[PDB]
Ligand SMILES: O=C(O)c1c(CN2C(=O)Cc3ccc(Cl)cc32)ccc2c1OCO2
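Below you will find one chain, with nothing else, as structure tokens; this is the form deposited without this ligand, and questions on how it binds or moves follow later.
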């Protein structure tokens, strides 16, 4: 059920890890900088996400997070169906790849305005979600979910 489907994505910059959740149907994202991708960090990130949006299903970004007892506990707690992230549809890889490149580009364009990477990442989230493509990802996610509620 596509209003509730999210995909996890982990990318790297400046020796740090950027964890991204993408609302598949809209392209809307949330993201955080973490020192390393652990089960505990991923679990906490998912808890935050699911408190903020109606997360029904998460396609996990790798097998370690899929396997993680802590991630499984968070998904249980928050009522999330934890699934694999195998791109049975091969265009999924390229879409995530393209978004990571886009995000890193935006981070570069703002990096000087922020002392810390985490600030630049949140600026990138803002720019990404507001970008008009003509609706924005932020507009699309609200519309999709509102239509589902109705």
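Numbering follows the first chain given and starts at 1.
Same protein, other form: the form deposited with this ligand bound, not shown, and the subject of what follows.
With a 4.5 Å cutoff on heavy atoms, residue 27 counts as touching this ligand in the bound PDB entry. At the 4.5 Å threshold, heavy atoms of residue 102 reach this ligand in the bound PDB entry. Residues of 93-109 lying near this ligand in the bound PDB entry, listed in sequence order, are 95, 96, 98, 99, 102, the criterion being any heavy atom within 4.5 Å.
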